[PDB]
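Listed here are the chains, written in short residue letters.
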Amino acid sequence: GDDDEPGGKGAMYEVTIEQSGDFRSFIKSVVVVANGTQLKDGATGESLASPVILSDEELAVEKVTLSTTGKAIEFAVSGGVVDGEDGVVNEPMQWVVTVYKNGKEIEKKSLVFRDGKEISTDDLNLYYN
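Each value, and the rule that gives it
Residues numbered from 1 in each chain as written, not as in the entry; some residues may be left out. Heavy atoms only, no water. Core = buried A, V, L, I, M, F, W, Y, C linked by side-chain atoms within 4.5 Å. Buried < 20%, exposed > 50% of the residue type's maximum accessible area, 1.4 Å probe, protein only. Helix = DSSP H or I, 4+ residues; strand = E, 2+ residues; numbered from the N terminus. Contact = heavy atoms within 4.5 Å. 1 Å grid on protein atoms, 1.4 Å probe; cavity = no way out; pocket = protein on both sides within 12 Å on 5 of 7 lines; lining within 4 Å. Points joined across faces, edges and corners; volume = space filled by probe spheres on them. Nonpolar A, V, L, I, M, F, W, Y, C, P; charged D, E, K, R; others polar. Pairing = 2+ DSSP bridges. Polar contact = N/O pair within 3.5 Å; in protein donor to acceptor, adjacent residues only side chain to side chain.

- Method-wise, the PDB entry is recorded as coming from solution NMR.

Here you go:
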């Protein structure tokens, strides 16, 4: 389509994020970096000009999946949250997070976030190539 350009190696990748517990009151933060290809948005399947950051409003859904339009050479997946909603008490939350390739799973995770206060935790710190 249009033209192609053979030469070299790499993969494809797809990350998921399910969002459990009280995630709707927790100002949360993610990165996505794609070597050698563009990203795709799980909401709609629109292509995206990576590298990109997801802010809390975008991460207000129950689940995201983001993937690669083509021959990717990397994934990098970091994130965390705070507790700074002017001191509202709620219940804690979780992030059930997984990473897939051009046709296999490679990472199979969860994390648990809880109340207290604002902090800085690279609580998710994943990467692949």
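1. Brief notes about the nonpolar core
- Within the largest apolar cluster, 25 residues are counted, with the highest numbers of intra-cluster contacts made by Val15, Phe75, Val77, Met93, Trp95, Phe113 and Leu124.
- Of all elements in the fold, only strand 1 (13-21), strand 6 (63-68), strand 7 (75-80), strand 8 (93-101), strand 9 (105-113) and strand 10 (124-128) reach the threshold of two or more residues within this core.
- At 4 residues, strand 8 tops the list of elements feeding residues into this core.
- Discounting residues that sit within four places of it in the chain, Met93 has contacts with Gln19, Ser20, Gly21, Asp22, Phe23, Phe26, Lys28, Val112 and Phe113.

2. Some thoughts on empty space enclosed by the protein
- Applying the stated rule across the entire model yields 1 cavity of 30 Å³ or more.
- Roughly 140 Å³ of internal volume is contained in the largest cavity.
- What lines the largest cavity is a set of 14 residues, and nearest its centre among them are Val15, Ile17, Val30, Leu66 and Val77.
- Looking at the lining of the largest cavity, its residues break down into 13 nonpolar, 1 polar and no charged.

3. Some points on the layout of surface pockets
- Space inside the largest pocket adds up to approximately 180 Å³.
- Considering the residues around the largest pocket, the lining is formed by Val81, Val82, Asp83, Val112, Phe113, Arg114, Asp115, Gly116, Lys117, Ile119, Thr121 and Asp123.
- Class assignment of the residues belonging to the lining of the largest pocket gives a composition of 5 nonpolar, 2 polar and 5 charged.

4. Focus on the pairing of strand 2 (residues 29-32)
- Taken together, the 2 bridges between strand 2 and strand 7 define a ladder with antiparallel strand orientation. Within strand 7, the position partnered with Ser29 by the bridge is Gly80.
- For strand 2 and strand 5 (residues 52-54), the ladder comprises 3 bridges, and the chain directions are antiparallel. Bridge pairing in strand 5 places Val32 opposite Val52.

5. Regarding the side chain of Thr37
- Looking at the secondary structure, you find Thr37 in the loop between strand 2 and strand 3 (39-41).
- Overall, the relative accessible area of 15% leaves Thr37 in the buried class.
- Polar side-chain contacts of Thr37 include one of 3.0 Å to the backbone nitrogen of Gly70.
- Each residue touching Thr37, except ones within four places of it in the same chain, is listed here: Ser50, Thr68, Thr69, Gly70, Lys71 and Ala72.

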